[PDB]
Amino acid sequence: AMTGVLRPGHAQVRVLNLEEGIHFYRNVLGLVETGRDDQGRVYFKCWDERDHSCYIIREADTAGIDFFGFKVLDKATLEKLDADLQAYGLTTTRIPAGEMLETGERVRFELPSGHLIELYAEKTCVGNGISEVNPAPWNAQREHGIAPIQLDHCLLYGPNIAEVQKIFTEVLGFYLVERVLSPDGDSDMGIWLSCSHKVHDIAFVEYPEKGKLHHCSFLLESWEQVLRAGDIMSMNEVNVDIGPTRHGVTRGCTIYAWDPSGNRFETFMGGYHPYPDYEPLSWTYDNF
């Protein structure tokens, strides 16, 4: 049974230029635009997802991540986690339903690494553009731009990863899948946590400046889709960070590229199938 925290639900990122951000995410990445609110933020969802949104961009004077939200099983679970976060010593804030289009109230809190995390139980299901009866495997949207399958996770750069692990494993029901060791001084320089049977729903790398966003990740169907994504990036003049390649950690075959505003994102596929009862895999600093 999947319970408690289910999956990454949304990432709100800052773009130095809205209209340009809308163009790149709609035509290059191929996210489906679902709405635009009064604040001027525009909502997107991957084609095969069913909820109203997973990626929200906001015009601002600085690039980066405002916050990262997770969907939880139900309202009861949301209330419990809220109380658990507080019992743990974290101060929670409650964002009202509607504050974000088609989204219920959210429980927000700040990690020691400086990042803002949200938890919510409700978000309107809009569907994946395919009928619920005798559904096709895909439709035209699958080939509009890169067209990723789902918001897979994000990797965050922050100062107190050690205590961040505790919050996630002891309060949020996540578990360590992989980690990178420090130079023998044995302190996880980085961690890959899962709250399902995926290699990771979120990751953290130890960093001096808090609240930094390394990248938001989008899942693709096959290695050939990663190849196609690279061609679309090239044809649209997208600034690529590190070309298509196999990633040691999580066995991911990915591509790192930057959007107009300088936000790094990933399109990948691959990875094993860990479960709560598995012991994490480790990587020596020299390998990292």
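For every residue, the number given is its place in the sequence shown, counted from 1.
Note on 170 to 178 vs 129 to 137: mean CA B-factor is higher in 129 to 137. Averaged over Cα atoms, the B-factor as recorded in the entry is higher for 85 to 93 than for the other of 70 to 78 and 85 to 93. By the numbers in the PDB entry, the CA B factor is greatest at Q39 among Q39, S53, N263, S222. The deposited CA B-factor of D184 belongs to the highest third of values across its chain. Ranked against the other modelled residues of its chain, the C-alpha B-factor of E102 as given in the entry falls in the highest third. Ranked by C-alpha B-factor against the other modelled residues of its chain, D201 falls in the lowest third. Sorting the modelled residues of the chain by their CA temperature factor places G21 in the highest third. Ranked by Cα temperature factor within the chain, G190 sits in the highest third according to the deposited record.
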